[PDB]
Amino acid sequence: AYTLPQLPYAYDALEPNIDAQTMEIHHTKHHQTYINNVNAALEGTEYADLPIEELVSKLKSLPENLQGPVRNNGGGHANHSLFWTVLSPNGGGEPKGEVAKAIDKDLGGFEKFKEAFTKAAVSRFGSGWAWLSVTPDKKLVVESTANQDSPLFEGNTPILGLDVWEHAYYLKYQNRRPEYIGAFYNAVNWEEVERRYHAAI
């Protein structure tokens, strides 16, 4: 019974970092499709009324005939829902508050985090995501996942994510993913990232 969340901003609010056409297609076409696909698979089951984050966390405990649809399409839903919120037309800059202090203590500083985040995003071959996550031991880790796999079913709570599927950047950047990653930094909503960190802890 999931529905498409409204973006916190207009489709063209992230220019010149992300083009308006991509934001609209990514939202109304790609994200909608994940939501429709997981809704059809969950219909008539006892798992149809769970929050998306809880469902994806319990992936391995689901029946065999549901794991495929939930991993890919439920994964797509949770990941893109998070993605839209950690971007902002007034984003960029450096983190502050406790996420800054956690980045300093856990990852060795903002400059080291970006080095690791960029490497993870560049090194993901094929479709996937780069993540900053909170572990069960309440520490930050940088990681990447394939396709729509989410750190949620690995026990981690992602607080920042970058979509590196080619549909997220090909219209404006074509093959130049490093350039796209550089633009992502200019749009990161660190106030939202701080919010998610407080909740994960």
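The first residue of the shown sequence is 1; numbering continues from there.
S.K.: Looking at the deposited entry, does 159-167 or 55-63 carry the larger mean Cα B-factor?
M.R.: The entry gives the higher C-alpha B-factor average to 55-63.
S.K.: Could you check which stretch, 122-130 or 99-107, carries the larger mean CA temperature factor in the entry?
M.R.: Mean B over CA atoms: larger for 99-107.
S.K.: In terms of CA temperature factor as recorded, identify the highest of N147, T45, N37, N175.
M.R.: It is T45.
S.K.: Taking only the Cα B-factors deposited for this chain, tell me whether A41 sits in the lowest, middle or highest third.
M.R.: CA B-factor rank for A41: lowest third.
S.K.: Would you check the entry's CA temperature factor for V70 and let me know if it's in the chain's lowest, middle or highest third?
M.R.: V70: CA B-factor falls in the lowest third of its chain.
S.K.: Quick check on the deposited entry: does the C-alpha B-factor of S81 sit in the lowest, middle or highest third of its chain?
M.R.: Ranked within chain, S81 CA B lands in the lowest tercile.
S.K.: Of the three thirds of its chain by CA temperature factor, lowest, middle or highest, which one includes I25?
M.R.: Bottom third by C-alpha B-factor.
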